[PDB]
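Pasting query-v3.cif here (mmCIF, N, CA and C atoms):
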data_structure
loop_
_atom_site.label_atom_id
_atom_site.label_comp_id
_atom_site.auth_asym_id
_atom_site.auth_seq_id
_atom_site.Cartn_x
_atom_site.Cartn_y
_atom_site.Cartn_z
N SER A 5 28.64 180.06 108.27
CA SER A 5 29.30 181.19 107.56
C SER A 5 29.64 180.83 106.11
N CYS A 6 29.46 179.56 105.73
CA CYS A 6 29.78 179.11 104.38
C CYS A 6 28.74 179.51 103.35
N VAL A 7 28.57 180.82 103.16
CA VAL A 7 27.62 181.35 102.19
C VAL A 7 28.32 182.47 101.43
N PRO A 8 27.95 182.70 100.16
CA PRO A 8 28.57 183.76 99.36
C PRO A 8 28.38 185.08 100.08
N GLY A 9 29.43 185.89 100.10
CA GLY A 9 29.35 187.16 100.80
C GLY A 9 30.01 187.00 102.16
N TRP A 10 29.74 185.89 102.85
CA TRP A 10 30.35 185.64 104.16
C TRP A 10 31.69 184.92 104.00
N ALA A 11 31.83 183.72 104.56
CA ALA A 11 33.08 182.98 104.45
C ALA A 11 33.45 182.62 103.00
N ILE A 12 32.47 182.69 102.10
CA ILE A 12 32.70 182.38 100.69
C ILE A 12 32.45 183.61 99.84
N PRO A 13 33.37 183.93 98.94
CA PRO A 13 33.24 185.09 98.07
C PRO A 13 32.02 185.02 97.17
N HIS A 14 31.63 186.17 96.64
CA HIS A 14 30.51 186.21 95.72
C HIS A 14 31.14 185.77 94.42
N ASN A 15 30.43 184.90 93.70
CA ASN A 15 30.93 184.35 92.44
C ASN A 15 32.28 183.73 92.73
N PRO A 16 32.25 182.63 93.50
CA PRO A 16 33.38 181.82 93.96
C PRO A 16 34.15 181.02 92.92
N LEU A 17 35.46 180.92 93.16
CA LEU A 17 36.38 180.16 92.33
C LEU A 17 36.40 180.44 90.82
N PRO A 18 36.54 181.71 90.42
CA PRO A 18 36.59 182.11 89.01
C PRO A 18 37.56 181.26 88.20
N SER A 19 38.77 181.07 88.72
CA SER A 19 39.79 180.28 88.01
C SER A 19 39.51 178.78 87.93
N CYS A 20 38.70 178.27 88.85
CA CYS A 20 38.39 176.85 88.83
C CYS A 20 37.38 176.56 87.73
N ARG A 21 36.49 177.52 87.46
CA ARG A 21 35.52 177.37 86.38
C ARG A 21 36.31 177.12 85.09
N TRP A 22 37.24 178.02 84.79
CA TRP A 22 38.06 177.95 83.59
C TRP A 22 38.90 176.70 83.47
N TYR A 23 39.47 176.26 84.58
CA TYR A 23 40.29 175.05 84.57
C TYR A 23 39.41 173.81 84.30
N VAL A 24 38.17 173.86 84.79
CA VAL A 24 37.23 172.78 84.59
C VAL A 24 36.78 172.77 83.14
N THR A 25 36.47 173.94 82.59
CA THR A 25 36.04 174.02 81.19
C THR A 25 37.20 173.74 80.24
N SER A 26 38.41 174.12 80.63
CA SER A 26 39.56 173.88 79.76
C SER A 26 39.73 172.39 79.57
N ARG A 27 39.69 171.66 80.67
CA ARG A 27 39.87 170.23 80.62
C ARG A 27 38.71 169.49 79.96
N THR A 28 37.51 169.74 80.44
CA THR A 28 36.34 169.06 79.91
C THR A 28 35.86 169.61 78.57
N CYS A 29 35.57 170.90 78.50
CA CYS A 29 35.08 171.53 77.27
C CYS A 29 36.14 171.85 76.24
N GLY A 30 37.40 171.99 76.68
CA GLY A 30 38.49 172.34 75.78
C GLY A 30 38.62 173.85 75.57
N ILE A 31 37.72 174.62 76.17
CA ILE A 31 37.77 176.07 76.03
C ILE A 31 38.16 176.70 77.38
N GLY A 32 39.19 177.54 77.34
CA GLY A 32 39.67 178.21 78.54
C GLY A 32 40.63 179.34 78.24
N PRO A 33 41.23 179.96 79.28
CA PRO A 33 42.16 181.05 79.05
C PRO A 33 43.43 180.53 78.43
N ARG A 34 44.17 181.42 77.78
CA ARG A 34 45.42 181.05 77.12
C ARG A 34 46.57 181.01 78.14
N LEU A 35 46.48 180.05 79.05
CA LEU A 35 47.46 179.86 80.12
C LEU A 35 47.91 178.40 80.16
N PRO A 36 49.18 178.16 80.54
CA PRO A 36 49.72 176.79 80.63
C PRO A 36 48.95 175.99 81.69
N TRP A 37 48.69 174.72 81.40
CA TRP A 37 47.94 173.87 82.33
C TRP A 37 48.29 174.06 83.82
N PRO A 38 49.58 174.00 84.18
CA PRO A 38 49.95 174.18 85.58
C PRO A 38 49.53 175.53 86.14
N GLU A 39 49.56 176.56 85.31
CA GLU A 39 49.18 177.89 85.76
C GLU A 39 47.68 177.92 86.05
N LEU A 40 46.92 177.33 85.14
CA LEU A 40 45.48 177.24 85.26
C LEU A 40 45.11 176.55 86.57
N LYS A 41 45.82 175.46 86.85
CA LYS A 41 45.58 174.68 88.05
C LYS A 41 45.93 175.46 89.31
N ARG A 42 47.14 175.97 89.35
CA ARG A 42 47.64 176.73 90.48
C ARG A 42 46.66 177.80 90.95
N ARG A 43 46.22 178.64 90.02
CA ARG A 43 45.30 179.73 90.32
C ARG A 43 44.00 179.22 90.93
N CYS A 44 43.56 178.07 90.46
CA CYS A 44 42.34 177.47 90.97
C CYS A 44 42.57 177.00 92.41
N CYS A 45 43.65 176.27 92.63
CA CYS A 45 43.95 175.78 93.97
C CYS A 45 44.21 176.93 94.93
N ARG A 46 44.85 177.99 94.45
CA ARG A 46 45.13 179.14 95.31
C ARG A 46 43.82 179.70 95.87
N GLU A 47 42.86 179.99 94.99
CA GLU A 47 41.57 180.54 95.41
C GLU A 47 40.83 179.61 96.37
N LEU A 48 41.01 178.31 96.16
CA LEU A 48 40.37 177.27 96.95
C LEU A 48 40.94 177.20 98.37
N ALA A 49 42.26 177.27 98.49
CA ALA A 49 42.89 177.21 99.79
C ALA A 49 42.61 178.47 100.60
N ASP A 50 42.31 179.57 99.90
CA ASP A 50 42.01 180.83 100.58
C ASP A 50 40.65 180.76 101.28
N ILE A 51 39.92 179.69 101.03
CA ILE A 51 38.62 179.50 101.65
C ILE A 51 38.81 178.63 102.90
N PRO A 52 38.14 178.98 104.02
CA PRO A 52 38.28 178.20 105.25
C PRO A 52 38.05 176.72 104.97
N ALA A 53 38.85 175.87 105.59
CA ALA A 53 38.75 174.42 105.39
C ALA A 53 37.33 173.92 105.41
N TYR A 54 36.57 174.35 106.41
CA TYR A 54 35.18 173.91 106.54
C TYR A 54 34.25 174.30 105.40
N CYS A 55 34.51 175.43 104.76
CA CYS A 55 33.67 175.90 103.66
C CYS A 55 34.09 175.41 102.28
N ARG A 56 35.21 174.70 102.20
CA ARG A 56 35.71 174.22 100.91
C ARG A 56 34.79 173.32 100.08
N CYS A 57 34.08 172.38 100.69
CA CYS A 57 33.18 171.53 99.91
C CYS A 57 31.97 172.34 99.43
N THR A 58 31.46 173.19 100.31
CA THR A 58 30.32 174.03 99.98
C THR A 58 30.65 174.89 98.76
N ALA A 59 31.85 175.45 98.74
CA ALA A 59 32.30 176.28 97.64
C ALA A 59 32.23 175.50 96.32
N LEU A 60 32.75 174.27 96.34
CA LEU A 60 32.71 173.41 95.16
C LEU A 60 31.26 173.22 94.75
N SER A 61 30.42 172.90 95.72
CA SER A 61 29.00 172.69 95.47
C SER A 61 28.40 173.90 94.73
N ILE A 62 28.72 175.10 95.21
CA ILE A 62 28.23 176.33 94.61
C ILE A 62 28.75 176.47 93.19
N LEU A 63 30.05 176.26 93.00
CA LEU A 63 30.61 176.36 91.66
C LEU A 63 29.93 175.37 90.72
N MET A 64 29.64 174.17 91.21
CA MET A 64 29.01 173.14 90.38
C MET A 64 27.54 173.38 90.10
N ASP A 65 26.75 173.42 91.17
CA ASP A 65 25.31 173.57 91.06
C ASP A 65 24.75 174.98 91.27
N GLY A 66 25.60 175.92 91.65
CA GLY A 66 25.14 177.28 91.84
C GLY A 66 24.39 177.49 93.13
N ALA A 67 24.13 178.75 93.47
CA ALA A 67 23.42 179.09 94.71
C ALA A 67 22.63 180.38 94.59
N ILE A 68 21.56 180.51 95.36
CA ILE A 68 20.74 181.72 95.33
C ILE A 68 20.62 182.27 96.72
N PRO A 69 21.34 183.36 97.00
CA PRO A 69 21.30 184.00 98.32
C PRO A 69 20.00 184.82 98.46
N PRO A 70 19.32 184.76 99.62
CA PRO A 70 18.09 185.53 99.79
C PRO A 70 18.35 187.04 99.73
N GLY A 71 17.35 187.80 99.30
CA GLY A 71 17.51 189.23 99.22
C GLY A 71 16.64 189.80 98.12
N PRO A 72 16.47 191.13 98.09
CA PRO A 72 15.66 191.85 97.11
C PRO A 72 16.06 191.52 95.67
N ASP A 73 17.37 191.42 95.44
CA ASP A 73 17.88 191.09 94.11
C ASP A 73 18.09 189.59 93.99
N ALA A 74 19.08 189.08 94.71
CA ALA A 74 19.38 187.65 94.72
C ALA A 74 19.63 187.05 93.34
N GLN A 75 20.86 187.15 92.84
CA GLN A 75 21.17 186.57 91.54
C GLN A 75 21.79 185.19 91.76
N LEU A 76 21.67 184.33 90.75
CA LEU A 76 22.23 182.98 90.81
C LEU A 76 23.74 183.10 90.81
N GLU A 77 24.34 182.52 91.83
CA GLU A 77 25.78 182.51 92.03
C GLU A 77 26.33 181.19 91.50
N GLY A 78 27.51 181.25 90.88
CA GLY A 78 28.16 180.06 90.35
C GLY A 78 27.35 179.17 89.42
N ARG A 79 27.62 177.87 89.49
CA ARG A 79 26.96 176.85 88.67
C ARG A 79 27.60 176.70 87.31
N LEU A 80 27.82 175.45 86.92
CA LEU A 80 28.41 175.13 85.63
C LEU A 80 27.28 174.88 84.65
N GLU A 81 27.23 175.67 83.60
CA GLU A 81 26.19 175.51 82.60
C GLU A 81 26.72 174.81 81.35
N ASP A 82 25.81 174.43 80.46
CA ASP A 82 26.18 173.74 79.23
C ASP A 82 26.91 174.60 78.23
N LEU A 83 27.94 174.02 77.64
CA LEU A 83 28.73 174.68 76.61
C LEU A 83 28.57 173.88 75.33
N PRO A 84 28.78 174.51 74.16
CA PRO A 84 28.64 173.82 72.88
C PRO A 84 29.42 172.51 72.89
N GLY A 85 28.70 171.39 72.83
CA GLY A 85 29.35 170.10 72.82
C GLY A 85 30.09 169.80 74.11
N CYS A 86 29.56 170.32 75.22
CA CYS A 86 30.15 170.11 76.53
C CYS A 86 29.05 170.26 77.57
N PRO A 87 28.28 169.19 77.78
CA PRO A 87 27.20 169.25 78.76
C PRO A 87 27.67 169.46 80.19
N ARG A 88 26.78 170.05 80.97
CA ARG A 88 27.02 170.36 82.38
C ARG A 88 27.38 169.13 83.23
N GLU A 89 27.00 167.96 82.76
CA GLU A 89 27.29 166.72 83.49
C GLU A 89 28.75 166.32 83.41
N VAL A 90 29.38 166.62 82.28
CA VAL A 90 30.78 166.29 82.08
C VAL A 90 31.63 167.16 82.99
N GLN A 91 31.34 168.46 82.96
CA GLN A 91 32.07 169.44 83.76
C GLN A 91 31.95 169.15 85.27
N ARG A 92 30.75 168.81 85.71
CA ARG A 92 30.46 168.52 87.11
C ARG A 92 31.30 167.35 87.64
N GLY A 93 31.34 166.27 86.85
CA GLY A 93 32.12 165.10 87.22
C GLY A 93 33.56 165.41 87.57
N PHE A 94 34.20 166.28 86.78
CA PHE A 94 35.59 166.65 87.03
C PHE A 94 35.73 167.68 88.14
N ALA A 95 34.80 168.62 88.20
CA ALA A 95 34.86 169.67 89.21
C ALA A 95 34.83 169.09 90.61
N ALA A 96 34.09 168.00 90.78
CA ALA A 96 33.97 167.34 92.06
C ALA A 96 35.30 166.85 92.63
N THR A 97 36.28 166.59 91.76
CA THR A 97 37.60 166.07 92.17
C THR A 97 38.67 167.09 92.57
N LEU A 98 38.33 168.36 92.49
CA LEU A 98 39.28 169.42 92.81
C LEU A 98 40.06 169.36 94.13
N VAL A 99 39.44 168.96 95.24
CA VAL A 99 40.18 168.90 96.52
C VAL A 99 41.12 167.70 96.62
N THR A 100 40.81 166.66 95.85
CA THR A 100 41.58 165.42 95.83
C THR A 100 43.06 165.65 95.75
N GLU A 101 43.83 164.79 96.42
CA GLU A 101 45.28 164.90 96.38
C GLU A 101 45.78 164.82 94.94
N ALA A 102 44.94 164.24 94.08
CA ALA A 102 45.24 164.12 92.67
C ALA A 102 45.23 165.53 92.08
N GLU A 103 44.26 166.32 92.51
CA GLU A 103 44.14 167.68 92.02
C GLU A 103 44.79 168.66 92.99
N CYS A 104 43.99 169.43 93.74
CA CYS A 104 44.53 170.42 94.68
C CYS A 104 44.99 169.91 96.05
N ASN A 105 44.56 168.71 96.44
CA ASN A 105 44.92 168.12 97.73
C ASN A 105 44.77 169.06 98.93
N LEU A 106 43.53 169.45 99.21
CA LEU A 106 43.26 170.36 100.31
C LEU A 106 42.32 169.73 101.32
N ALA A 107 42.51 170.05 102.60
CA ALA A 107 41.68 169.50 103.66
C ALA A 107 40.34 170.21 103.78
N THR A 108 39.30 169.42 103.98
CA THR A 108 37.97 169.94 104.13
C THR A 108 37.65 169.88 105.62
N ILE A 109 36.38 170.02 105.94
CA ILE A 109 35.92 169.97 107.31
C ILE A 109 36.25 168.63 108.00
N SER A 110 36.43 167.59 107.20
CA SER A 110 36.74 166.27 107.72
C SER A 110 38.21 166.13 108.07
N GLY A 111 39.03 167.08 107.63
CA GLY A 111 40.45 166.96 107.90
C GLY A 111 41.14 166.16 106.80
N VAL A 112 40.35 165.48 105.98
CA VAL A 112 40.88 164.69 104.88
C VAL A 112 40.52 165.44 103.60
N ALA A 113 41.37 165.31 102.58
CA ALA A 113 41.15 165.98 101.31
C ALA A 113 40.08 165.31 100.45
N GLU A 114 38.82 165.38 100.89
CA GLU A 114 37.73 164.79 100.14
C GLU A 114 36.38 165.40 100.51
N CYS A 115 35.47 165.41 99.54
CA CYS A 115 34.10 165.93 99.70
C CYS A 115 33.11 164.86 99.22
N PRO A 116 32.81 163.89 100.07
CA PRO A 116 31.90 162.79 99.76
C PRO A 116 30.47 163.13 99.31
N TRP A 117 29.96 164.30 99.68
CA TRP A 117 28.60 164.64 99.30
C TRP A 117 28.47 165.50 98.04
N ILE A 118 29.55 166.17 97.66
CA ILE A 118 29.56 167.06 96.51
C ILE A 118 28.93 166.54 95.23
N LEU A 119 29.45 165.44 94.71
CA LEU A 119 28.91 164.89 93.47
C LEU A 119 27.64 164.12 93.76
N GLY A 120 26.52 164.61 93.22
CA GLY A 120 25.25 163.96 93.44
C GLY A 120 24.62 164.51 94.70
#

Could you express the structure from this file as structure tokens?
Amino acid sequence: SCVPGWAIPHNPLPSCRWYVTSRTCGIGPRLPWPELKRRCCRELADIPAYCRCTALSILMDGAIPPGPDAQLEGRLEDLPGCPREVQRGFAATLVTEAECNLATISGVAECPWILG
């Protein structure tokens, strides 16, 4: 069920994109750091524990759901002086107790396969 439209929303984790770009790229919404973080973690916890790593994966590398239209969902693209590799490295740490501290399918707050 961990697919956009099903257990995962279409265009997943809008606020996490911004928090990732704010930190790495320096460009983001005009919101205080804690607010930026909170909104990201909120959207993340609203996703079933089991689908949480998949969601990160989609936000990082994007996804293409089958269908007549099928548009590219998520994915972190390059920003002026902010390559996609920098953003990805930080995005991978979102579930960490350091960041959002949320449990995945493993029951532990970590996604070992996400990065790379």

Filtered DSSP result for region 5-119 of chain A, state strand (DSSP E or B), as a PyMOL selection string: chain A and resi 8+12+67+77+83+86

Backbone-only DSSP, helix (DSSP H, G or I) members of region 36-74 of chain A, as number ranges by chain: A: 37-49, 53-65

Polymer residues at most 8 Å from (28.0, 167.9, 92.5) by only C-alpha atoms, as a short mmCIF file (atom, residue, chain, number, x, y, z; two decimals) with N, CA and C atoms, in the coordinates of the input:
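Okay, this is what ended up in out.cif:
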data_model
loop_
_atom_site.label_atom_id
_atom_site.label_comp_id
_atom_site.auth_asym_id
_atom_site.auth_seq_id
_atom_site.Cartn_x
_atom_site.Cartn_y
_atom_site.Cartn_z
N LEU A 60 32.75 174.27 96.34
CA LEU A 60 32.71 173.41 95.16
C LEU A 60 31.26 173.22 94.75
N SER A 61 30.42 172.90 95.72
CA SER A 61 29.00 172.69 95.47
C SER A 61 28.40 173.90 94.73
N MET A 64 29.64 174.17 91.21
CA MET A 64 29.01 173.14 90.38
C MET A 64 27.54 173.38 90.10
N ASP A 65 26.75 173.42 91.17
CA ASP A 65 25.31 173.57 91.06
C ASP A 65 24.75 174.98 91.27
N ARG A 92 30.75 168.81 85.71
CA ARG A 92 30.46 168.52 87.11
C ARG A 92 31.30 167.35 87.64
N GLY A 93 31.34 166.27 86.85
CA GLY A 93 32.12 165.10 87.22
C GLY A 93 33.56 165.41 87.57
N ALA A 95 34.80 168.62 88.20
CA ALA A 95 34.86 169.67 89.21
C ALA A 95 34.83 169.09 90.61
N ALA A 96 34.09 168.00 90.78
CA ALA A 96 33.97 167.34 92.06
C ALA A 96 35.30 166.85 92.63
N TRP A 117 29.96 164.30 99.68
CA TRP A 117 28.60 164.64 99.30
C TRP A 117 28.47 165.50 98.04
N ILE A 118 29.55 166.17 97.66
CA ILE A 118 29.56 167.06 96.51
C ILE A 118 28.93 166.54 95.23
N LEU A 119 29.45 165.44 94.71
CA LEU A 119 28.91 164.89 93.47
C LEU A 119 27.64 164.12 93.76
N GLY A 120 26.52 164.61 93.22
CA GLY A 120 25.25 163.96 93.44
C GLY A 120 24.62 164.51 94.70
#

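Using all atoms listed in the file, the shortest contact distance between residue 83 (chain A) and any of A:29, A:67, A:107, A:98 is found at A:29.
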
May I have the protein, DNA and RNA residues with an atom at most 8 Å from (34.6, 171.8, 105.7), counting only C-alpha atoms in the file's coordinates, returned as a PDB file with N, CA and C atoms, in the coordinates of the input?
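Generated output (selection_13.pdb):
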ATOM      1  N   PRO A  52      38.140 178.980 104.020  1.00  0.00           N
ATOM      2  CA  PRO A  52      38.280 178.200 105.250  1.00  0.00           C
ATOM      3  C   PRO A  52      38.050 176.720 104.970  1.00  0.00           C
ATOM      4  N   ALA A  53      38.850 175.870 105.590  1.00  0.00           N
ATOM      5  CA  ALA A  53      38.750 174.420 105.390  1.00  0.00           C
ATOM      6  C   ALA A  53      37.330 173.920 105.410  1.00  0.00           C
ATOM      7  N   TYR A  54      36.570 174.350 106.410  1.00  0.00           N
ATOM      8  CA  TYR A  54      35.180 173.910 106.540  1.00  0.00           C
ATOM      9  C   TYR A  54      34.250 174.300 105.400  1.00  0.00           C
ATOM     10  N   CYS A  55      34.510 175.430 104.760  1.00  0.00           N
ATOM     11  CA  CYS A  55      33.670 175.900 103.660  1.00  0.00           C
ATOM     12  C   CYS A  55      34.090 175.410 102.280  1.00  0.00           C
ATOM     13  N   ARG A  56      35.210 174.700 102.200  1.00  0.00           N
ATOM     14  CA  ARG A  56      35.710 174.220 100.910  1.00  0.00           C
ATOM     15  C   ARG A  56      34.790 173.320 100.080  1.00  0.00           C
ATOM     16  N   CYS A  57      34.080 172.380 100.690  1.00  0.00           N
ATOM     17  CA  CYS A  57      33.180 171.530  99.910  1.00  0.00           C
ATOM     18  C   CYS A  57      31.970 172.340  99.430  1.00  0.00           C
ATOM     19  N   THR A  58      31.460 173.190 100.310  1.00  0.00           N
ATOM     20  CA  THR A  58      30.320 174.030  99.980  1.00  0.00           C
ATOM     21  C   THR A  58      30.650 174.890  98.760  1.00  0.00           C
ATOM     22  N   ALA A 107      42.510 170.050 102.600  1.00  0.00           N
ATOM     23  CA  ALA A 107      41.680 169.500 103.660  1.00  0.00           C
ATOM     24  C   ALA A 107      40.340 170.210 103.780  1.00  0.00           C
ATOM     25  N   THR A 108      39.300 169.420 103.980  1.00  0.00           N
ATOM     26  CA  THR A 108      37.970 169.940 104.130  1.00  0.00           C
ATOM     27  C   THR A 108      37.650 169.880 105.620  1.00  0.00           C
ATOM     28  N   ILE A 109      36.380 170.020 105.940  1.00  0.00           N
ATOM     29  CA  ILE A 109      35.920 169.970 107.310  1.00  0.00           C
ATOM     30  C   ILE A 109      36.250 168.630 108.000  1.00  0.00           C
ATOM     31  N   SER A 110      36.430 167.590 107.200  1.00  0.00           N
ATOM     32  CA  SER A 110      36.740 166.270 107.720  1.00  0.00           C
ATOM     33  C   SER A 110      38.210 166.130 108.070  1.00  0.00           C
ATOM     34  N   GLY A 111      39.030 167.080 107.630  1.00  0.00           N
ATOM     35  CA  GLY A 111      40.450 166.960 107.900  1.00  0.00           C
ATOM     36  C   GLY A 111      41.140 166.160 106.800  1.00  0.00           C
TER      37      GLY A 111
END

Å distance separating CA of residue 22 (chain A) from atom C of residue 40 (chain A), one decimal place: 7.8 Å

Atomic distance atom C of residue 113 (chain A) - atom N of residue 101 (chain A), expressed in Å with one decimal: 5.5 Å

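When the PyMOL selection byres (((chain A and resi 8 and name CA) around 10) and name CA) is evaluated against the file, it yields residues 5, 6, 7, 9, 10, 11, 12, 13, 14, 15, 16, 58, 59, 62, 67, 68, 69, 77 and 78 of chain A.
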
Pairwise distance for atom N of residue 105 (chain A) and atom N of residue 46 (chain A), rounded to one decimal in Å: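 Here the two named atoms are 9.5 Å from each other.
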
Chain and number of each residue from the PyMOL selection byres ((chain A and resi 19) around 7), as a PyMOL selection string: chain A and resi 16-18+20-24+40+43-45

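Proximity ranking of A:66, A:104, A:112, A:34 relative to residue 88 (chain A) places A:66 first, based on only C-alpha atoms.
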